[PDB]
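Since the structure comes first, as structure tokens, the remarks are kept for the end.
Note that each Cβ is placed from the backbone with ideal geometry, even for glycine, and that neighbours are counted across all protein chains shown. Taken together, the values in this text are just the output of simple stated rules run on the coordinates, not laboratory data.
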Amino acid sequence: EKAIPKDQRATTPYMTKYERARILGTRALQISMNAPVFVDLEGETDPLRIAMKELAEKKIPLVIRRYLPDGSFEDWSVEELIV
Amino acid sequence: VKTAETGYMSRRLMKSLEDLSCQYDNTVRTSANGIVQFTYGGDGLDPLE
Amino acid sequence: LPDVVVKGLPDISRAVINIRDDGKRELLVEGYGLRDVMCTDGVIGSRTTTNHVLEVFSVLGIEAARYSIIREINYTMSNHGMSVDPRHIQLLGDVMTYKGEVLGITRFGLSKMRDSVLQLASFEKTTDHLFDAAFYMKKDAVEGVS
Amino acid sequence: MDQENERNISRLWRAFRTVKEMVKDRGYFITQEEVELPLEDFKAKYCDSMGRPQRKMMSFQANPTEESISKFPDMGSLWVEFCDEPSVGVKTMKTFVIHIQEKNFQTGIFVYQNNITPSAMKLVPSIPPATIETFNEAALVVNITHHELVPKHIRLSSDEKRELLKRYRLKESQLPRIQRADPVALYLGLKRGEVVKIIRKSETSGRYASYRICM
Amino acid sequence: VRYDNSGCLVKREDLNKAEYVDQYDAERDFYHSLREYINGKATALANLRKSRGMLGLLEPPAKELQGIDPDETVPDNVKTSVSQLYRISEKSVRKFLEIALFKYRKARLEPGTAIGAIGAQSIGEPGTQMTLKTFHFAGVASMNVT
Amino acid sequence: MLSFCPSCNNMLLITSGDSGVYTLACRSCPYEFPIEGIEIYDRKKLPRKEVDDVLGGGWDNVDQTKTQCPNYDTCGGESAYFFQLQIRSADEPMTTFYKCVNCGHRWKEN
Ligand SMILES: [Mg+2]
Ligand SMILES: [Zn+2]
Ligand SMILES: [Zn+2]
């Protein structure tokens, strides 16, 4: 229940494949629910493709909460997780 | 015989190993949060990579 | 009378001397006694291994048991051109031996620490496990993927 | 005959070497002079002129070393006693317990000859200040910790166990277990809740450490 | 760092004492392997250099004239011959180290991986292509171990 | 033992008579063959079961082939003992198994 503060963070600084897939799914679901996007569609209508473009421009407004087995967690913004 | 035995060892080992996943502290644990490997393979390396 | 044992351990079906493609004439026995062979004179107990995992466990311990499991599986799929990464075998040995004893992948073995009555039912023996859980009033959480 | 006697003297010499090693790596004052004892010297010292191997005057006292006592402050001296009767009875077990109580020995090793009486399991677990490790001479002809298939088990102190359970943010129940009466656990005199560090070696991942807790 | 079992530094005389083995030891071995490979390449270059009569600067030099280049006395012939045979640039070494470190970092198991299920399938899918009956090469005539 | 009565040809048995005499008394018939200082003995031979040599290996009596094993970067093996089994369906072809003679590495080339 106690958040590990941003200054120290034990878990990997890289986005995992599962984190990428879940972020894309969540953002695509939000877009499919008419959420505003922060990228240039250039004619794109697919929420998944728009979410992929957002992830490419590193503009998805979500943060990954990685719970440790000991019950704690640390937050990693999508932008600060590197691919 | 192989067709008849397909899906038996995989199913049994699956029932055994379904819930073992890598944790964010690099430990392999059961779904009861009990440690099976403090590090995967004693190396932490994915065989796929 | 002509069936009693006067010499040799009463656990060996037969002993055979083999050659490991060298000048070394090892003997490997088709028996069920490992401690007796190790404590037999003229044999090195430092390097004397059986292929019975449960025998290794009873004689040498759980760590040697998991080593024996890993090596036996690696030998079994190394004789068939089965290129499986050894980490999968290591994980199998660890999951089989992490409770302190060699627990198999059978219905009795699965009742190790899981307590997941629904997972156990979906595996095998649904009704007996369900009735045991209802009678003991088990309170298994929902954590398994099953 | 003579073949039985010579095999018996060699076997007793080997078992004596094994218990010396077990006490030495449990952490006690035993060095290579009384570990590496040749069979001829065993005959010279612990074998009567008659030749029949006696198992009373090689029972010895083991004291903790400075390093062992510093790591584990609570560890008394050790009394390793060898039985002579194939089937041990209540009387000799009672006199062994009396010896333990009267000499204030934190533990006592009882290496019997052939078998142990059924009544022992009611009688041995009654010693508050101490404990008794019950052994068989054939079960320790060869010490298993010298086997190529047994990784080096290192028992951890209470401070080390606390440090491990904190570095991993763990409870004891989440640890992998090693059984009471496990062949290596008995060799090391492990107790419930005592964590052992296992140094195992792998071909594709090198040397790495795992941990087990005695239950 | 390789702390103790109690969390203290190791005295650099017990660094590999084998009760201070922990995690990060595979990483240490990997770094040592990288150094060993680079040292093999450097030793090959040095052996070629000294086989040409000129100095094989395997060890760093330490003298008053250590500033001057030790290839001035060479008459422009074996210099270009050695550069023809082995020419290891600093950019090349740095690129190799970057690639190797990147690959090792990428090879680490990712959290959340269903590693147990992956291992189960990796051990069981090979178990479908193997015969239940034990088939042996014609002429082995060894003990029929399954 | 395996002795039979001359009268009824039933099997003879040793019976303890008076003064502990071991006679060859016949059940089912009044026949008595006593032992007056005579040694009735049955001797049957048994096999010697001699020593056996080292097992070794008869791999020279196996079918090699001309194939380079995947572990050609460790050992230069161009031969492999083989046997072919059609563990595939009748529509599929046959599968071949191999074992390098230079390292002992087995693999199925299908
Ligand atoms: Mg087909
Ligand atoms: Zn008759
Ligand atoms: Zn080969």
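What the table shows:
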| item | result |
| --- | --- |
| Flag for residue A:51 being among the small types (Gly, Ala, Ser) and either more than 27 Å from residue E:114 (Cα to Cα) or under 17 Å from the mean Cα position of the chain (by Cα) (or both) | yes |
| Residues (within 16 Å of ligand 1 (Cβ to nearest atom) and of a type in the set (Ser, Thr, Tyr)) located in region F:79-110 | F:89, F:95 |
| Listing of helices (runs of 4 or more DSSP H) fully contained in region C:45-123 that carry 1 or more residues being farther than 21 Å from residue B:43 by Cβ | C:53-59, C:62-78, C:107-110, C:117-123 |
| Residue within region B:14-29 that is touching a strand residue (DSSP E or B) at 6+ places or on another chain (Cβ under 6 Å), surrounded by fewer than 23 Cβ atoms within 10 Å (Cβ to Cβ) and closer than 20 Å to residue C:111 by Cα present | yes |
| Qualifying residue in region F:20-41 (condition: loosely packed, with under 12 Cβ neighbours inside 10 Å, within 14 Å of ligand 2 (Cβ to nearest atom) and either at positive phi or within 42 Å of the chain's Cα centre (by Cα) (or both)) | yes |
| All positions within region B:1-35 that are within 8 Å of chain E (Cβ to nearest Cβ) and assigned to a strand (DSSP E or B) | B:21, B:22, B:28 |
| Among the residues listed as E:116, E:139, E:127, the single one being crowded, with 17+ Cβ neighbours inside 10 Å, out of contact with any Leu (no Cβ under 7 Å at 6 or more places or on another chain) and not basic (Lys, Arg) | E:127 |
| Yes/no for residue E:132 being surrounded by fewer than 13 Cβ atoms within 10 Å (Cβ to Cβ), facing chain B (nearest Cβ under 8 Å) and not charged (D, E, K, R) | yes |
| Failed condition for residue C:87, given (1) among the basic types (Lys, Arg); (2) buried (at least 19 other Cβ atoms within 10 Å of the Cβ); (3) under 22 Å from residue D:146 (Cβ atoms) | (3) |
| Selection count, region C:1-43, where residues are of a type in the set (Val, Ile, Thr) and not in a strand (DSSP E or B) | 6 |
| Residue in region F:71-78 that is free of Cβ contacts under 8 Å to residues at least 60 places away in the same chain, crowded, with 16+ Cβ neighbours inside 10 Å and more than 16 Å from ligand 1 (Cβ to nearest atom) present | yes |
| In region C:124-146, residue nearest to residue D:175 (Cα to Cα) [restricted to those that are part of a helix (DSSP H, G or I) and among the acidic types (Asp, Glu)] | C:132 |
| Within region D:112-215, strands (runs of 3 or more DSSP E) holding 3 or more residues that are more than 10 Å from every other protein chain (Cβ to nearest Cβ) and surrounded by fewer than 21 Cβ atoms within 10 Å (Cβ to Cβ) | D:131-136 |
| Within region D:67-103, considering residues that are surrounded by 18 or more Cβ atoms within 10 Å (Cβ to Cβ) and of a type outside the set (A, V, I, L, M, F, W, C), the one nearest to residue D:157 (Cα to Cα) | D:71 |
